[PDB]
Amino acid sequence: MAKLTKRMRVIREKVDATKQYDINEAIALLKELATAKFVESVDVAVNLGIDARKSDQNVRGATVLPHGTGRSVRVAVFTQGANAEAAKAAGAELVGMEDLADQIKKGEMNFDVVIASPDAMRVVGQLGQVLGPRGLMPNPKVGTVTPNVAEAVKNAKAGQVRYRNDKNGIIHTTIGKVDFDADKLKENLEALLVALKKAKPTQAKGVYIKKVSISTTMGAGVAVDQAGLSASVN
Amino acid sequence: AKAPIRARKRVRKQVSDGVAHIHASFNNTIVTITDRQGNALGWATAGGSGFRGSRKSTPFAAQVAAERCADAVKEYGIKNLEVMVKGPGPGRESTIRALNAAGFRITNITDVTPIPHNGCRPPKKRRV
RNA sequence: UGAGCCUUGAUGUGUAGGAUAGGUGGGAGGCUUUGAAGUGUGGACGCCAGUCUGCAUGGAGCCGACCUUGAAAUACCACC
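Chains as they are written, first to last, in PDB author numbering: chain AC, 1 to 234; chain BO, 1 to 128.
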């Protein structure tokens with residue numbers, strides 16, 4: 001669903017209603033709604049029946065999906081206490097503090113996971129910051145760190161994503177590239193709906209999934225029908 | 001987001017023009033600015049300008065009522081007056097002088113004291 | 001004429017800054033109706049260097065990240 005400014009308009013001439021499709025036509029339209037010169041990564045937006053407004057009572061965790069996500073599997077670790085060399089050898093591309101803060105603030109921003117150890121997290125989010133709170137950074141408030149760097153990278157390189165919310169019923173997560181088929185997308189959706197049920201907070205509803213949509217980066221969104229694994233009346 | 005401004009960025013009227021009607025009475029003085037159609041827009045008094053009975057009847061108390069009345073209509077964005085006068089009280093020229101000197105424009109002075117063709121019997125006070 | 005429900009355009013709390021880091025996550029110089037860049041300049045909003053908006057104008061062009069506010073960023077999306 002298109003947004004207007006004088007500075008960027010290109011999404012306006014790709015959509016013309018707030019309307020919901022079967023998934024076999026939602027991805028058919030979304031391969032048109034890409035606006036950028038580069039072929040775009042595609043995301044779900046998973047809207048939730050959650051009533052939490054406190055960061056700790058909103059959803060938080062991570063998972064590995066059956067198919068790819070258009071995420072890079074380039075992996076970075078902030079650390080000054082935990083096993084740097086065991087992390088790098090476990091398949092991390094990047095380790096540091098002095099220029100990792102710049103690397104994330106340059107070039108292509110398309111990280112699959114930026115990890116911290118809690119040894120370094122102090123200056124990553126709480127007292128210091130290095131990118132500001134955003135999904136691209138490990139979150140200053142919710143649990144996104146471990147002192148088991150060599151495990152965390154070995155999970156991450158599998159194309160695992162990251163989900164959390166803070167004050168709003170939102171998990172946005174990359175699910176493919178826009179060239180994906182509607183079965184690859186539905187099969188990553190069914191995998192993620194297991195993983196949100198397993199990492200469900202007390203303040204979420206029975207009808208835990210409000211609505212699901214699919215949206216590319218520079219380009220527009222369309223809405224999808226699917227909400228699977230989460231009906232209350234059984 | 002930063003802190004808000006010290007003085008307002010907008011103002012709800014800008015009517016420019018009005019009439020000061022003065023009732024300079026024998027014990028007080030009352031000043032009211034009204035639009036050109038006679039609907040009153042704001043007002044002030046001698047006695048309400050910090051003077052009791054003993055002081056409110058003077059041209060100096062009236063002079064301050066005129067300033068407090070200029071401030072009373074300040075918000076309507078009026079600046080231009082002409083002037084109308086009634087009553088025996090001395091609030092009749094000290095008012096105009098401090099009004100014109102309080103950033104307002106006096107332009108005309110006309111009396112509007114009502115006089116009869118004989119009329120009804122006057123009151124008696126102090127066997128006068 | 002009051003209120004709600006709703007959709008959208010506008011709007012953004014970390015303070016400061018020229019200003020405007022709501023949340024979450026993705027991603028980075030982009031077209032097909034339009035124009036922002038940038039120069040000049042009217043409108044509106046605001047904090048005085050800003051944002052929102054328009055015209056002369058480019059319309060295969062162009063603002064991010066450098067610069068700069070700050071502990072920390074800032075093309076540009078979708079979702080609520």
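We put the CB at the ideal spot given by N, CA and C, even for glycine.
Residue i versus residue j - alpha carbon distance
i       : j       : result
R92/BO  : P59/BO  : 7 Å
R121/BO : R127/BO : 15 Å
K184/AC : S213/AC : 15 Å
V112/BO : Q63/BO  : 20 Å
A26/AC  : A223/AC : 7 Å
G48/BO  : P4/BO   : 33 Å
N47/AC  : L41/BO  : 55 Å
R97/BO  : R10/BO  : 30 Å
Buried or exposed (CB count within 10 angstroms, at least 16 for buried), residue i
i       : result
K56/BO  : buried
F51/BO  : buried
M137/AC : buried
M109/AC : exposed
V44/AC  : buried
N188/AC : buried
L192/AC : buried
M8/AC   : exposed
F26/BO  : exposed
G119/BO : exposed
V233/AC : exposed
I115/BO : exposed
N28/BO  : buried
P201/AC : buried
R8/BO   : exposed
Continuous beta strand (DSSP E) stretch holding residue i: start and end
i       : result
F78/AC  : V75 to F78
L41/BO  : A40 to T45
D17/BO  : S16 to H23
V207/AC : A204 to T216
Residue i, enclosing alpha helix (DSSP H) - first and last residue
i       : result
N155/AC : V149 to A156
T69/AC  : That residue, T69/AC, is in no alpha helix (DSSP H); it is neither H nor E in DSSP.
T113/BO : Premise fails: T113/BO is in no alpha helix (DSSP H) and is neither H nor E.
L33/AC  : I23 to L33
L189/AC : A182 to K197
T95/BO  : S94 to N100
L100/AC : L100 to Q103
Whole-Å CB distance - residue i paired with residue j, under 8 Å assumed
i       : j       : result
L65/AC  : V161/AC : 7 Å
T216/AC : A62/AC  : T216/AC to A62/AC, Cβ: 23 Å. No contact.
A120/AC : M97/AC  : 6 Å
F111/AC : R74/AC  : 7 Å
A90/AC  : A150/AC : 4 Å
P140/AC : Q126/AC : 6 Å
Nearest neighbour of residue i, chosen from the options [CA to CA]
i       : options                           : result
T95/BO  : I5/BO, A20/BO and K9/BO           : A20/BO
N108/BO : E67/BO, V64/BO, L99/BO and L81/BO : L81/BO
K74/BO  : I33/BO, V85/BO and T110/BO        : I33/BO
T45/BO  : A65/BO, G53/BO and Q37/BO         : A65/BO
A199/AC : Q20/AC, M121/AC and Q57/AC        : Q57/AC
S72/AC  : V10/AC, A17/AC and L94/AC         : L94/AC
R68/BO  : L99/BO, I106/BO and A24/BO        : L99/BO
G70/AC  : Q80/AC, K157/AC and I170/AC       : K157/AC
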